[PDB]
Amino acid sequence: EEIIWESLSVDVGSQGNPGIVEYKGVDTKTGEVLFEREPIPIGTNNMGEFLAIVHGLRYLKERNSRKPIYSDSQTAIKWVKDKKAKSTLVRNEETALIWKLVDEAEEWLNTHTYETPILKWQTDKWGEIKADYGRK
């Protein structure tokens, strides 16, 4: 209903899907970019959305921040809740890096705690999430 402006917004960007994947996190209130991941040569939209949320969790935890995270990805929100990224992406030499990062993110979720609410950004009501890459 109401945007929680005191929050962190995250999003993936890509060149192809599967394709080159990156993500960033921004202050929802200001749009200030708070972190940006260096592009990974091959991944999927959903793996990147998942990595972005998990990085957000770690970023807020390290800073002792109780802000919620917004993501526009129903899939990634569920994967974080399950602590399991059920990606269909083939595991081969080309996808090894993204799969390592995904597996390491899952490992972090299974060894750490957090209270951070992970909220759905309601794109149909509010427009593009503030971390969007402007490519659609």
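Numbering starts at 1 and runs along the sequence shown.
J.: Determine, for stretches 53 to 61 and 79 to 87, which one has the higher mean CA B-factor as deposited.
T.: That would be 79 to 87.
J.: Which wins on mean Cα temperature factor, 22 to 30 or 92 to 100?
T.: Between 92 to 100 and 22 to 30, it is 92 to 100 that shows the higher mean C-alpha B-factor.
J.: With respect to C-alpha B-factor, does residue 120 fall in the lowest, middle or highest third of the chain as deposited?
T.: It belongs to the lowest third of the chain when residues are ordered by C-alpha B-factor.
J.: Ranking every modelled residue in this chain by its Cα temperature factor as given in the entry, which third contains residue 14?
T.: CA B-factor rank for residue 14: middle third.
J.: Would you please rank residue 4 by its C-alpha temperature factor against the other modelled residues of its chain and give the third it falls in: lowest, middle or highest?
T.: For residue 4, whose C-alpha B-factor we compare with every modelled residue in the chain, the answer is the highest third.
J.: Could you say whether, by C-alpha temperature factor, residue 109 belongs to the lowest, middle or highest third of its chain?
T.: It falls in the middle third of the chain.
J.: Once the chain's modelled residues are ordered by C-alpha B factor and cut into thirds, is residue 40 in the lowest, middle or highest one?
T.: Answer is middle: the recorded C-alpha B-factor places it there.
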